[PDB]
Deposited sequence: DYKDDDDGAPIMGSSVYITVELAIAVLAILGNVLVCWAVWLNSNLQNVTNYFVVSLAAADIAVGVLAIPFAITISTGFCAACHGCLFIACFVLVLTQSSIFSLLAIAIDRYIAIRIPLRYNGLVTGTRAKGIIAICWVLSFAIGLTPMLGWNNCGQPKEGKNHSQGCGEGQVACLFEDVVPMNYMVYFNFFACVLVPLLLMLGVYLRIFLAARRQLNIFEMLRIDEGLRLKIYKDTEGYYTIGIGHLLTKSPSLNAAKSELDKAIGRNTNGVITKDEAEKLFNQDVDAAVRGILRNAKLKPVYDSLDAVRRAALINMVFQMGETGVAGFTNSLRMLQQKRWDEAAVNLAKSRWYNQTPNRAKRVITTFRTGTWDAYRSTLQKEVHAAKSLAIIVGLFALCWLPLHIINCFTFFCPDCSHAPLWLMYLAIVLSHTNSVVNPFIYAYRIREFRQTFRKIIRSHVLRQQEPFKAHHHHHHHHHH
């Protein structure tokens, strides 16, 4: 068996798996409305680039592995086309990372800023930028436009990737600026996502989950100006009047904007007032005195939502809370009008009473980042599959007199880069239930017919 035949077979097998697997990804998104979110718009765009890897880029790499004679501009397209697909993948991976950070940073206002129309515009722009970046050698930055391989006739060059694509482009422009910098930005974004889910939980973070945190002055449900965690500023219909109240409480001219620490200090003063009002109430003080620090925060949470008078009306639940009958107090509180009006917030507060822990709010944070862990794996696989080729290009560039990397390492690094166009659909099937369920439906019904 020829050594070339095993390289062709492996490349064609990767191409088939890249097409079939990523067609299934787009097919699943088109079929399942539950998969038609903005995050999957970039997943589809990422899959579209991987489909093109198996249809064009991999056949292109096979032809230029021979170094045949061809025109300069025509040879550059065959060599630089995969640079367009890889750049579009980087933009799609960077967009997914930023999208998931917005999802955990402003989880209540995520859908107002992140829209489908905006995503399609970003995708269309990034594809234009990917062609400009990937096909930069065709616009002049090439090595076949200067008079001087030999044995091909003039106007024709030996179509080898390292012969026609400049190495300083492959290292400075492509690797350092267009690959390494986005990969490091994606690393910091995902790190920042994971740290926010691992944040310390307290009364400030609990109410931030229940009532939101806003550092800019906004209008509440009643049209009144608010800041921080539900801190009413004024009933007046003047933002200037609200800013004057905000500046009087912060101690600095804010122009309606405050820092997170100032919102925490403002919220801390609101807790002190709610605690002062609880202690002066003869119904609430005995219960509050008996509760632990966490369960006291759940009682303050109720006061912030309904008021001391409204909480004092829970005569039966308050006595069972004071008697440390957590499970009995949970059943009683669940049968209240407060539970029916806002069950999600009530269930989190009731769970706090049962356990005395922050588990209900920790689980809220963990649910917001579970998708980010799977999508972060895809970025690491992209880095793992492409960095060997980049590092070698650096060795050839910065050590010209060095011995070039051996042929088997070239074949391995190039094939490993093509393999990355296969791994993503497997990740979706293994870690995303909605993708896995649609994959099974398409396969069992549309493909296998039964």
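Asks: Which runs of the deposited chain sequence never show up in the coordinates?
Replies: Gaps vs deposited seq, in order: 1 to 10, 159 to 163, 466 to 481.
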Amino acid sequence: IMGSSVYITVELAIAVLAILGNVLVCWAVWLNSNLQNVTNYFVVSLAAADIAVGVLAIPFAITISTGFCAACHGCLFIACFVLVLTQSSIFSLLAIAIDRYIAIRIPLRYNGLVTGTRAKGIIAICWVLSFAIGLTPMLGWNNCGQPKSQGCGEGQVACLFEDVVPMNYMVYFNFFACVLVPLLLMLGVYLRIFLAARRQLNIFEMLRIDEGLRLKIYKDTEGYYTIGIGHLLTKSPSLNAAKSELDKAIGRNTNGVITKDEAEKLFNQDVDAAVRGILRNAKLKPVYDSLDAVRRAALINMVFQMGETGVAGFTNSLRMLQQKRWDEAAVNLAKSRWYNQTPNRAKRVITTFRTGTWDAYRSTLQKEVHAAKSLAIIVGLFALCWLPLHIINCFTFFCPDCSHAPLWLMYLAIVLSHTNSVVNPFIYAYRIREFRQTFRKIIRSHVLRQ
From here on, numbers count along this sequence of modelled residues.
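Asks: Averaging only over Cα atoms, indicate whether 81 to 89 or 221 to 229 has the higher B-factor in the PDB entry.
Replies: That would be 221 to 229.
Asks: Out of 166 to 174 and 111 to 119, which stretch has the higher average CA B-factor listed in the record?
Replies: Mean CA B-factor is higher for 111 to 119.
Asks: Which of these, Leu183, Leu207, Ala71, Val275, has its C-alpha atom at the highest B-factor, as the entry lists it?
Replies: Each of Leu183, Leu207, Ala71, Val275 was compared by C-alpha B-factor; the highest is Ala71.
Asks: Just the C-alpha B-factor column, please: which of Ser130, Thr357, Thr234, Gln341 has the biggest number?
Replies: When the deposited C-alpha B-factors of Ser130, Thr357, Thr234, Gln341 are compared, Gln341 is largest.
Asks: Test of reading the entry: by CA B factor among the chain's modelled residues, which third contains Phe397?
Replies: Middle third, going by the recorded CA B-factors of the chain.
Asks: Comparing against every modelled residue in the chain, figure out the third that the C-alpha B-factor of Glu308 lands in (lowest, middle or highest).
Replies: Middle third of the chain for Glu308's C-alpha B-factor.
Asks: Where does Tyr428 sit by CA temperature factor within its chain: lowest, middle or highest third?
Replies: It falls in the middle third of the chain.
Asks: State the tercile, meaning the lowest, middle or highest third, of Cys26 with respect to the CA B-factors recorded for its chain.
Replies: As the PDB entry reports it, the C-alpha B-factor of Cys26 lands in the middle third of its chain.
Asks: Taking the chain's C-alpha temperature factors as the reference, tell me which third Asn268 falls into: lowest, middle or highest.
Replies: For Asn268, the deposited C-alpha B-factor lands in the middle third.
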